[PDB]
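One structure is given here, and the rest of the page talks about it.
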Amino acid sequence: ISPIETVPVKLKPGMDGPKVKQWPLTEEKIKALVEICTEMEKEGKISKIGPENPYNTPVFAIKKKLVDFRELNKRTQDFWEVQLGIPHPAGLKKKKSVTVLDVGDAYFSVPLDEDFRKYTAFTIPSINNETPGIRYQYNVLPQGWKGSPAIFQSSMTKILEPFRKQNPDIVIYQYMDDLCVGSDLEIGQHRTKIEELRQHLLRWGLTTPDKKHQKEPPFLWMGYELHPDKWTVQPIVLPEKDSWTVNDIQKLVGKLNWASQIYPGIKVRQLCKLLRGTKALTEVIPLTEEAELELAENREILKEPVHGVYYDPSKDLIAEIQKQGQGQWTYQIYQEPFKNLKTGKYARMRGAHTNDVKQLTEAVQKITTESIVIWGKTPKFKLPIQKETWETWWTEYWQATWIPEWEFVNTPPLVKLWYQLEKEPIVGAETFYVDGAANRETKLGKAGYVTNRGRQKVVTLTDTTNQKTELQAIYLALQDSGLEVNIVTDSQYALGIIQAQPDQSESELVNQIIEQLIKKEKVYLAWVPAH
Amino acid sequence: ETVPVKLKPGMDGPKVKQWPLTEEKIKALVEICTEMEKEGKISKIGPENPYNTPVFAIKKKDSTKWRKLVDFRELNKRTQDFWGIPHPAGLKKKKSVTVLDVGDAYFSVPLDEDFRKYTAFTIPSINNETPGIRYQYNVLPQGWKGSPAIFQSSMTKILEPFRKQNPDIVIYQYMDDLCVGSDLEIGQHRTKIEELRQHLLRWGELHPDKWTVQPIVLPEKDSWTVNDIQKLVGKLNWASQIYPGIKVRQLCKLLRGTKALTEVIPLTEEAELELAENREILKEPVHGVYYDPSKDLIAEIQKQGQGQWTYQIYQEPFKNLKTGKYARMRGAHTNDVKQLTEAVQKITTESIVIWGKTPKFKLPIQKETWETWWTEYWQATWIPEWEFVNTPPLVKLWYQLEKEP
Ligand SMILES: CC(C)=CCOc1cc(NC(=S)c2ccoc2C)ccc1Cl
């Protein structure tokens with residue numbers, strides 16, 4: 001078991017050890033457990049106790065072709081976050097050999113802070129609740145108890161420090177019950193070192209596994225298959241059927257949504273459409289022709305092998321971004337052409353009002369943030385925007401914005417500015433003085449204008465809001481005016497526009513105005529206080 | 001010996017997440033930490049400790065050597081009080097201030113062995129390939145409010161000699177920093193500082209009198225267009241929130257009719273007296289604005305564009321304690337975030353220099369943009385508070401007006 005310094009565990013604030021009643025079992029489940037516990041009892045994992053323990057946890061007996069600590073846990077203090085973020089292939093380095101040792105029941109190999117052991121008391125029942133039951137407790141980290149994964153890692157970490165000091169050129173990854181160990185040594189020296197480590201472990205009681213259970217390359221990590229020279233994307237399989245329920249259609253869209261990252265072209269517009277007005281998860285929705293098709297158009301793509309290469313510190317890091325459509329972006333991070341480490345895309349973030357350059361700025365930062373985690377470095381960007389468009393925009397925008405070292409790449413569609421409000425009133429251009437008003441309660445409004453050239457109009461609106469009339473007024477202005485227009489309004493929202501000049505909004509109306517603005521040759525927006 | 005520090009009643013330790021760091025940054029931190037560990041300043045910790053404060057690295061204007069900086073903002077806020085030194089209202093008057101980093105003097109003092117757990121911090125591993133390296137403090141941390149406190153006597157104790165050697169010089173202490181101001185000319189100044197260090201060392205350029213909180217100036221022209229006036233009216237109208245004596249009635253009359261935005265309108269004598277009367281009101285800071293010590297200090301910033309930024313420090317809306325304009329520094333030409341953080345460090349130092357406490361900032365940047373790269377250009381020992389906001393189109397048009405030489 002272990003000569004390992006225990007970790008001092010405590011219960012949450014002022015709470016106290018579990019006292020749940022021992023679930024009753026058959027003569028067959030009892031004699032089963034009676035068997036396994038006299039075993040552990042001897043291995044040095046559990047310890048027969050008596051009436052000197054008020055605490056008790058419910059032991060069950062399942063046959064695999066078990067103790068419920070739920071409560072003990074909900075009373076156990078909080079530990080540090082047992083590593084929650086895991087490596088990503090795109091950040092792994094190629095290795096000559098990579099062995100994975102299975103420190104399975106290494107749990108029952110680590111001592112449990114003596115004092116705390118009591119709280120882990122449980123009882124074996126008697127044939128139909130007869131005389132006293134068999135009572136025990138844990139001397140080691142309990143499979144399923146809150147503090148065991150953290151305490152295990154801590155341990156494994158302390159134990160490896162010596163070995164790791166002893167051979168830097170040997171990377172050892174700690175994860176769950178596995179010790180994924182790799183190196184750049186010759187298969188022989190590697191094989192030799194694995195046995196050395198294996199034995200070091202053994203020197204502390206961790207009886208590392210046989211050949212039968214033995215694990216080897218490739219390895220399934222997240223959605224990939226890992227090979228020491230490179231990785232491949234675990235081929236995804238779309239089921240075929242004559243009956244699609246809702247769940248069936250969702251779990252699918254999910255899988256597909258995941259693929260969208262790696263695999264380019266995947267679509268689920270027509271597939272998502274089948275969820276409209278769904279009454280129950282089990283409902284059976286016949287697939288439209290369009291859905292039957294796209295589903296078929298994907299199956300193909302997914303039948304494409306996508307292999308990848310590992311991270312090479314001696315080489316540069318590059319990121320190219322493509323605007324797949326409005327608000328959607330595709331990116332691929334490679335060090336050497338067509339040999340990508342990672343790729344992925346960003347769903348049409350549907351804001352309230354922004355523009356392409358800003359949206360580009362966010363994709364760029366979501367990436368940078370990603371990159372820094374995976375590589376502790378940030379990629380050089382190749383962006384479909386002219387350096388002029390950039391300077392022109394950013395330099396003036398009202399908000400701190402920025403883009404790390406980047407370089408333009410003429411890979412259309414290139415992102416640009418759809419329009420630019422004139423910086424100064426247009427001489428010559430007609431001047432529309434607009435006004436919209438509505439009764440917010442009766443939702444009845446009117447919108448219209450009058451120009452310095454004597455042109456006027458007014459439309460009566462119903463089921464509208466005031467902002468809508470204010471904006472409609474402006475829409476009409478752009479509609480009835482020529483290629484160059486001046487527009488003065490007391491609209492607070494129109495003021496948000498002159499300052500942000502959005503090219504996409506949550507408001508269809510705003511969108512229409514945008515389509516109008518994009519159409520003029522010159523537009524000057526002037527805001528003025530009301531009344 | 002150690003003094004018993006504690007947490008404000010019913011408060012628990014910080015459990016703030018360590019944001020990802022650059023390799024360069026991690027290498028240095030690891031390098032830096034194995035040392036302090038050696039020197040016994042810090043000690044690796046166990047999983048039974050769940051608190052955590054973020055950390056990062058910076059090049060304190062003069063380096064190659066990275067400096068370790070921790071964000072105890074949470075801890076500080078959760079740490080009991082000790083009810084520093086009363087603010088020398090006279091410091092802001094000195095002809096020149098020079099700042100000194102004296103957090104180095106804290107490792108000397110041992111931290112209450114029962115408060116250490118709360119000082120736990122983590123050094124991340126790239127690609128989560130390794131579990132973070134968990135440490136905690138055994139001595140006094142730099143950046144923690146309890147440090148300059150506990151080390152007060154010791155500190156006050158060592159400066160008297162110098163204080164008694166120059167009394168025309170003020171020594172102010174904030175966090176890890178030391179603000180030193182005097183009126184001696186430059187040479188006789190910086191020679192009096194290096195002289196100060198020497199002393200400071202055998203153990204372990206600001207000019208406040210130039211800070212002319214400037215006025216608002218309205219545009220003057222030969223001829224004014226309909227648009228010219230409208231813009232002015234707007235600005236004034238807004239400005240009326242500060243100076244209620246401001247009036248745009250007579251001007252809002254010249255604005256009768258649907259004439260071309262570009263057409264020219266002749267100013268009636270009335271609209272002229274009126275304007276002239278407004279020019280007067282804007283001639284001096286509004287009456288009755290007084291700093292409240294039992295109220296938070298606010299610093300709102302605006303991106304005027306073209307490397308320019310403006311700021312206002314108040315406590316109550318429209319009741320500004322100071323106003324300023326910041327122009328980017330040579331080098332930050334294409335970096336909005338660098339310009340911004342340099343701006344913020346400046347304002348916070350001015351704030352400290354005048355009121356001896358940091359202001360809570362209101363920033364014109366997205367949380368994401370900010371959090372991603374601010375540490376890249378931070379150079380101060382302390383970290384002020386902030387929130388991200390959307391600049392009202394008017395507030396900018398108005399302050400963009402402030403005067404210049
Ligand atoms: C995280 C993980 C799945 C590790 C084992 O798989 C591999 C990891 C690497 N490269 C590295 S840097 C490595 C070796 C041991 O632990 C790590 C994190 C390469 C190929 C495979 Cl097959």
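In the structure tokens, chains take letters A, B, ... by order of appearance, with residues numbered from 1 within each chain and ligands from 1 in the order shown.
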Selection: 6 Å around residue 379 of chain A, only C-alpha atoms, excl. self and same-chain fewer than 4 positions, as number ranges by chain | A: 317-319
Contacts to ligand 1 at 10 Å cut-off (only C-alpha atoms and all ligand atoms) as a VMD selection string | (chain A and resid 86 to 100 170 to 175 178 to 184 216 to 222 224 to 231 309 to 311) or (chain B and resid 127 to 130)
Dump as a VMD selection string the residues of chain A that approach chain B to within 6 Å, counting only C-alpha atoms.
-> chain A and resid 79 to 80 86 to 87 150 373 to 374 376 to 377 396 398 to 402 427 431 452 528 to 529
Prev. selection, C-alpha atoms, output as an mmCIF file, in the first residue's frame:
```cif
data_model
loop_
_atom_site.group_PDB
_atom_site.id
_atom_site.type_symbol
_atom_site.label_atom_id
_atom_site.label_comp_id
_atom_site.auth_asym_id
_atom_site.auth_seq_id
_atom_site.Cartn_x
_atom_site.Cartn_y
_atom_site.Cartn_z
ATOM 1 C CA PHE A 79 -10.105 20.926 -2.317
ATOM 2 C CA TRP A 80 -8.210 22.587 -5.091
ATOM 3 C CA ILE A 86 -6.782 18.725 -20.382
ATOM 4 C CA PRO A 87 -4.123 18.786 -23.119
ATOM 5 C CA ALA A 150 -6.928 15.488 -5.905
ATOM 6 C CA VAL A 373 -3.497 28.112 -23.512
ATOM 7 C CA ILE A 374 -2.331 25.529 -26.061
ATOM 8 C CA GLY A 376 1.856 29.854 -24.419
ATOM 9 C CA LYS A 377 2.408 31.783 -27.653
ATOM 10 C CA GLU A 396 -11.429 55.982 -35.187
ATOM 11 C CA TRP A 398 -14.970 54.594 -30.037
ATOM 12 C CA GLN A 399 -13.675 51.504 -28.243
ATOM 13 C CA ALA A 400 -10.263 50.084 -27.410
ATOM 14 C CA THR A 401 -9.713 47.426 -30.031
ATOM 15 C CA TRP A 402 -6.592 45.695 -31.270
ATOM 16 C CA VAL A 427 -23.035 70.569 -49.452
ATOM 17 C CA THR A 431 -31.582 67.859 -46.065
ATOM 18 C CA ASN A 452 -35.255 72.147 -47.368
ATOM 19 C CA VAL A 528 -30.095 67.214 -32.190
ATOM 20 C CA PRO A 529 -31.802 67.535 -28.828
#
```
Which residues, written as a ChimeraX atom specification, have at least one atom at most 12 Å from segment 456-466 of chain A, with only C-alpha atoms counted and residues fewer than 5 positions away on the same chain left out?
-> /A:430-451,471-477,479-481,491-493,509 /B:258
Residue 318 of chain B: which residues within 10 Å, counting only C-alpha atoms, same-chain residues fewer than 3 positions away excluded, as JSON, numbers by chain?
-> {"B": [239, 241, 242, 243, 286, 289, 312, 313, 314, 315, 321]}
C-alpha atoms of the current selection, written as a PDB file, in the first residue's frame:
```pdb
ATOM      1  CA  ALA B 239     -23.331  70.656 -20.564  1.00  0.00           C
ATOM      2  CA  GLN B 241     -26.304  69.195 -16.619  1.00  0.00           C
ATOM      3  CA  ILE B 242     -23.188  70.695 -15.028  1.00  0.00           C
ATOM      4  CA  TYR B 243     -23.823  74.422 -15.411  1.00  0.00           C
ATOM      5  CA  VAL B 286     -18.392  74.431 -11.030  1.00  0.00           C
ATOM      6  CA  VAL B 289     -17.471  70.090  -5.623  1.00  0.00           C
ATOM      7  CA  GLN B 312     -12.748  62.624 -15.499  1.00  0.00           C
ATOM      8  CA  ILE B 313     -12.445  61.739 -11.800  1.00  0.00           C
ATOM      9  CA  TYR B 314     -15.529  62.256  -9.712  1.00  0.00           C
ATOM     10  CA  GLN B 315     -17.615  60.680  -6.967  1.00  0.00           C
ATOM     11  CA  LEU B 321     -12.642  66.538  -8.980  1.00  0.00           C
TER      12      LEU B 321
END
```
Which of segment 51-244 of chain A counts as helix (DSSP H, G or I) under DSSP, as a ChimeraX atom specification please?
-> /A:70-74,89-91,104-109,114-120,148-166,187-202
Segment 56-237 of chain B: residues DSSP assigns to strand (DSSP E or B), reported as JSON, numbers by chain = {"B": [56, 57, 58, 67, 68, 69, 70, 79, 96, 97, 98, 99, 100, 101, 110, 121, 122, 123, 133, 134, 135, 137, 139, 169, 170, 171, 172, 173, 174, 177, 178, 179, 180, 181, 182, 206, 224, 225]}
Quick one: everything within 6 Å of segment 340-348 of chain A, counting only C-alpha atoms, minus sequence neighbours fewer than 3 positions away in the same chain. Send it as a count of residues only.
-> 12
Could you tell me how far atom CA of residue 368 of chain A lies from atom CA of residue 322 of chain A, in Å and to one decimal?
->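 Atom CA of residue 322 of chain A lies at a distance of 15.5 Å from atom CA of residue 368 of chain A.
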Pick from B:122, B:153, B:400, B:345: nearest to residue 56 of chain B, with only C-alpha atoms counted?
->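 Under the stated criterion, the closest residue is B:122.
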For residue 38 of chain B, the nearest of the candidates B:348, B:182, B:310, B:138, counting only C-alpha atoms | B:138
10 Å contact set for residue 40 of chain B, only C-alpha atoms, chain neighbours under 2 positions out, as an MDAnalysis selection string = chainID B and resid 34:38 42:43 107 137:139
Store the residues picked out above in a file with N, CA and C atoms, as a CSV table (one decimal), in the first residue's frame.
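As a result, result12.csv now contains:
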```
chain,number,residue,atom,x,y,z
B,34,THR,N,11.2,29.2,-7.7
B,34,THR,CA,12.1,28.2,-7.1
B,34,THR,C,13.1,28.9,-6.2
B,35,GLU,N,13.4,30.2,-6.5
B,35,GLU,CA,14.3,31.0,-5.7
B,35,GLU,C,13.7,31.4,-4.4
B,36,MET,N,12.6,32.1,-4.4
B,36,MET,CA,11.9,32.5,-3.2
B,36,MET,C,11.6,31.3,-2.3
B,37,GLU,N,11.4,30.2,-3.0
B,37,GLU,CA,11.1,28.9,-2.3
B,37,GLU,C,12.3,28.6,-1.5
B,38,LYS,N,13.4,28.6,-2.3
B,38,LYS,CA,14.7,28.3,-1.7
B,38,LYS,C,14.9,29.2,-0.5
B,42,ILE,N,8.4,31.3,0.2
B,42,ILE,CA,7.2,30.6,-0.1
B,42,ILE,C,7.4,29.1,0.0
B,43,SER,N,6.3,28.4,0.1
B,43,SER,CA,6.4,26.9,0.2
B,43,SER,C,5.3,26.2,-0.6
B,107,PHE,N,9.6,40.6,2.5
B,107,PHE,CA,10.0,39.2,2.7
B,107,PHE,C,10.6,39.0,4.1
B,137,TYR,N,2.6,32.0,0.6
B,137,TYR,CA,3.5,32.8,1.2
B,137,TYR,C,3.9,32.5,2.7
B,138,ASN,N,5.1,32.6,3.1
B,138,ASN,CA,5.6,32.4,4.4
B,138,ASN,C,6.1,33.7,5.0
B,139,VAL,N,6.3,34.7,4.1
B,139,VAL,CA,6.7,36.0,4.5
B,139,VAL,C,5.6,37.0,4.1
```
List the neighbours of residue 121 of chain B out to 7 Å using only C-alpha atoms; skip same-chain residues closer than 4 positions along the sequence, and give me the result as a list in words.
-> residues 52, 53, 54, 55, 134, 135 and 136 of chain B
Would you please work out which residue, of B:282, B:123, B:100, B:180, is nearest to residue 163 of chain B when using only C-alpha atoms?
-> B:180
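Checking B:173, B:191, B:212, B:166 one by one against residue 356 of chain B, counting only C-alpha atoms, you find the shortest gap at B:173.
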